[PDB]
Amino acid sequence: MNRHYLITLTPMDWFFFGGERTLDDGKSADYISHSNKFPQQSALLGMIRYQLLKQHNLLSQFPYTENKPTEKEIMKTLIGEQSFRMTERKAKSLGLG
RNA sequence: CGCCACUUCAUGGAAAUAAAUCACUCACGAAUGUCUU
């Protein structure tokens, strides 16, 4: 009913985890891009959602579509209807699928 | 005064010695220091 897994990630090559991308904003990029030693938990959650959408073959491919609202419902109940945001940081549930 | 020829056919020494053996210049120059979604 509620199965728990342990997921181990083995780096097969050199990895790069993004930073602030800038000490300011506007249009500037950073000439030196530094790698965080750890990814954000948002990255882990998005990886889980993407892999779940890969197992159940419901992926967003090539320009743009509307994804067959029944498929929209199944994707909502699989991965949730929304990404990780800190607006719902006090919500009692993860809000995902 | 007459008559008359033989012998010998390079050895020893020096057989390369000093000077210069790379020198000067250039030893990186210019563009890009983030860009497009």
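Quick notes on the rules
- Within every chain, numbering proceeds from 1 in written sequence order, not necessarily in step with the numbering of the entry, and residues without coordinates do not appear.
- Each chain gets a letter, beginning with A, and each ligand a number, beginning with 1, in the order they are written.
- The assembly from which these chains come is larger than what is shown, and the figures reported cover only the shown chains.
- Values shown for side chains rest on all heavy atoms present in the structure; no hydrogens or waters enter the calculation.
- Within this analysis, patches are made of residues with over 30% relative accessible area and no salt bridge. Like charges are joined at 9 Å or less; nonpolar side chains (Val, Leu, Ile, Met, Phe, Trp, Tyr) at 5 Å or less.
- Here the open area of atoms and residues is found with the Shrake-Rupley method and a 1.4 Å probe, where only the protein chains shown may cover a residue.
- What makes a salt bridge here is a side-chain nitrogen of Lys or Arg within 4 Å of a carboxyl oxygen of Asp or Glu, nothing more.
- The secondary structure listing takes helices from DSSP runs of H or I that are at least 4 residues long and strands from runs of E that are at least 2 residues long, numbered from the N terminus.
- Only protein chains enter the accessibility calculation, which uses a 1.4 Å probe; a residue is then buried when its area is under 20% of its type maximum, exposed when over 50%, and partly exposed in between.
- For each residue, the test is whether any non-hydrogen atom lies within 4 Å of the molecule or strand; if one does, the residue is near.
- Pairs of N or O atoms within 3.5 Å make up the polar contacts considered here, provided that, within protein, one atom can donate a hydrogen while the other can accept it, and that residues adjacent in sequence are counted only when both atoms are side-chain atoms.
- For the purpose of charge, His is not counted, nor are the chain termini; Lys and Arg are scored as positive and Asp and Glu as negative.
- The location of each charge is read from NZ of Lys, CZ of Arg, CG of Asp or CD of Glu.
- Under this scheme, a helix contributes an axis fitted over its contacting stretch, all axes are lines through C-alpha atoms, and angles between N-to-C directions fall in the 0 to 180 degree range.
- Angles below 35 degrees are treated as roughly parallel, those above 145 as roughly antiparallel, those between 65 and 115 as roughly perpendicular, and all remaining angles as oblique.
- Handedness of a helix crossing follows the sense of rotation of the near helix relative to the far helix, less than a right angle counterclockwise being left-handed and clockwise being right-handed.
- Contact between two residues is taken to exist if any of their heavy atoms lie within 4.5 Å; hydrogens are not considered.

- Per the PDB record, the structure was determined using cryo-EM to 2.81 Å resolution.

### Here's the deal with a nonpolar patch on the surface
Logical step 1: Nonpolar side chains collect at one region of the surface, where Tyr-5, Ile-7, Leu-9, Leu-44, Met-47 and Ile-48 lie side by side and expose about 590 Å² of accessible area between them.
Logical step 2: With respect to the element layout, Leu-44 can be found in helix α1 (residues 41-55).
Logical step 3: Judged by relative accessible area, which is 30%, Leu-44 ranks as partly exposed.

### A short note on the protein's contact with RNA strand B
Logical step 1: Surrounding RNA strand B, one finds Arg-21, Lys-27, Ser-28, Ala-29, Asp-30 and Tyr-31.
Logical step 2: Each atom of RNA strand B within 4 Å of the protein was assigned to sugar, phosphate or base; sugar and phosphate come to 64%.
Logical step 3: Backbone polar atom of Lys-27 to a phosphate oxygen of RNA strand B: 3.3 Å apart, as the coordinates give it.

### A short note on the pattern of salt bridges
Logical step 1: Tallied over the entire structure, the rule returns one salt bridge.
Logical step 2: The partner of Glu-66 in a salt bridge is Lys-68, and the shortest N-O contact between them spans 2.7 Å.
Logical step 3: When its relative accessible area of 41% is taken as the criterion, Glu-66 is described as partly exposed.
Logical step 4: Given a relative accessible area of 41%, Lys-68 falls into the partly exposed group.

### Let's talk about unusual backbone geometry
Logical step 1: In this structure, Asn-67 is a non-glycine residue whose phi angle is positive, near 70 degrees.
Logical step 2: Backbone geometry at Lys-68 places phi at a positive 50 degrees, although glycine is not the residue there.

### Some thoughts on a negative patch on the surface
Logical step 1: Taken together, the side chains of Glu-20, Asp-24, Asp-25 and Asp-30 present a region of like negative charge at the surface.
Logical step 2: Within the element layout of this structure, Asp-25 appears in the segment before α1.

### Concerning the packing of α1 against helix α2 (residues 69-79)
Logical step 1: α2 packs onto α1 with a crossing angle of 135 degrees between their chain directions and a minimal axis gap of 10 Å. Between α1 and α2, the angle is such that the two are oblique. α1 and α2 meet at a crossing whose hand is right-handed. Contacts between α1 and α2 pair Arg-49, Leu-52 and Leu-53 from the former with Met-75, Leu-78 and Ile-79 from the latter.

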